[PDB]
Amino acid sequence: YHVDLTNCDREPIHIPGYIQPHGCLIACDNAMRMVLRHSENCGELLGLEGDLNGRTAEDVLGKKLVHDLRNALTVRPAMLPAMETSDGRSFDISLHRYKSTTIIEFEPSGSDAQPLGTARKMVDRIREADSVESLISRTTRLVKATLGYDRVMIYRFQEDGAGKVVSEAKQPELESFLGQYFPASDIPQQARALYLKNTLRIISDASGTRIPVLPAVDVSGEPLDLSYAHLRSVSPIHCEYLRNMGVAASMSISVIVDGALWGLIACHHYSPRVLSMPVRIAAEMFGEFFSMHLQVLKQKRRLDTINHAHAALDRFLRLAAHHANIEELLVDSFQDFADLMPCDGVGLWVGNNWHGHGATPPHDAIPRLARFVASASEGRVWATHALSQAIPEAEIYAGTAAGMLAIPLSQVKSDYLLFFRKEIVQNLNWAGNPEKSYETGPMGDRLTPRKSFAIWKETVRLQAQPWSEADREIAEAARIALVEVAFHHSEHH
């Protein structure tokens, strides 16, 4: 098997048959009696002799260590820093069970503070963040300062799966990717699945030598599943991508919001680098708190936007009761509805007359739009972020208005309060350098940030920022309020 751009979307990266050289790996049977597999560098690091497969775990590791590892197993992978081996030495061991196999991963110990102490220091620096913007800004600076990586970013996954760089702390000499996007294909489903499963993903050396697991394919033809093994080797594609950037190493912290991958906190370094296990425990704890605090802020934000909308629509209902002419009130008031949700324009289409405000289509194109919604909707809110896919003629004005949300004012007449958004590329706040070129490998320019961003621009060409579930809930509240205004008007007139 030879990974390339044709088949890399289905690469079995969970069973590479190699590990990274910053530790060694031993795979035992389910009960941890027999050594079934081992990495080739086990002899170097653990100071072991000849061939490990066939020997008992007690023989290889000692009675005392096996006893202790069986205890941690009984009580995600179990993280055991500063374990004492048979010789006069200390090792950071991680331990888990998946499929039938028990995988044991080893790292030379160092001198580290307690994980809980380090995590607690970090968490205390983001508790007082009272908005999502504040939290997202703090975290990249704080993580860079605590972990000591050259760049730290936060990606937020969009509705189509693309990633958006929403925060960045970098070395001053590096180029920026803040406000940049990458398309969904840059992270394949299998990689996303492992980001969802594992909190941390470590890469020590993008140009490092892959240490083989022996055997790669066992007596029965089965490969070793390394899904939860933190020493699992990296795809040649992503390694080439990192090399083209000049990145030698990385660590990701996954952000889990609704049991789903909201994004990543991505730490990159421009020379080989790995954190010790105790600092990785703390990073995992910090990631957990970051995700919870983000979720609280995100709800508070949502609740405040919905309540704002209700308060505005409530005020509008009371004003409207004192008006004999409802069409006139809307002609004067419609632009105030733009305040209810993010939009670049709003307009009123009543009795074949157009009144616009902000970035809208020209008045010639509105009849076509209103006619489409009349056929497409069943008398409730219709919305899209890709007008050209629905109405080919809309491509002409896509720069000014690529998306549309229509609120019906009547089930009899073809009247609408319309909301609009610009082409998403028009609202780019990219802080990067367009003259930054990139080195390439055998795969070519595909594996560079320049070409990734350009591919993303193509994926969203003639499209706007999608209408969120929150926006649609506000739209429904607005429709409902206007039905109420019309009915109370009918009652008294």
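The first residue of the shown sequence is 1; numbering continues from there.
Peer 1: From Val75 on to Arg76, does the model leave out none, 1 to 3, 4 to 9, or 10 or more residues of the deposited sequence?
Peer 2: The entry has a gap there, with 4 to 9 residues left out between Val75 and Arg76.
Peer 1: Going by the mean C-alpha B-factor recorded in the entry, which is higher: 135 to 143 or 221 to 229?
Peer 2: Stretch with the higher mean C-alpha B-factor: 221 to 229.
Peer 1: On mean Cα temperature factor in this entry, is 209 to 217 or 175 to 183 the higher one?
Peer 2: Taking the mean C-alpha B-factor of 209 to 217 and of 175 to 183, the larger value falls to 209 to 217.
Peer 1: Pick out which of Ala266, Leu340, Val412, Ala402 has the highest C-alpha B-factor in the PDB entry.
Peer 2: In this record, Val412 carries the highest C-alpha B-factor of the candidates.
Peer 1: Which one of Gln114, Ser250, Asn198, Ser235 shows the top CA temperature factor in the record?
Peer 2: Spelled out: the listed residue with the top C-alpha B-factor is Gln114.
Peer 1: Pull the Cα B-factor of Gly432 out of the PDB entry and bin it into the chain's lowest, middle or highest third.
Peer 2: Middle third of the chain for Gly432's C-alpha B-factor.
Peer 1: Going by the CA temperature factor in the PDB record, which third of the chain does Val483 belong to: lowest, middle or highest?
Peer 2: According to the entry, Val483 has a C-alpha B-factor in the chain's middle third.
Peer 1: Using only modelled residues of the chain, where does the Cα B factor of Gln389 rank: lowest third, middle third or highest third?
Peer 2: Highest third - that is where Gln389 ends up once the chain's C-alpha B-factors are sorted.
Peer 1: What third of its chain's C-alpha B-factors does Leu95 belong to: lowest, middle or highest?
Peer 2: Highest third - that is where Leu95 ends up once the chain's C-alpha B-factors are sorted.
Peer 1: Test of reading the entry: by CA B factor among the chain's modelled residues, which third contains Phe372?
Peer 2: Its C-alpha B-factor, which the entry lists for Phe372, ranks in the highest third among residues of this chain.
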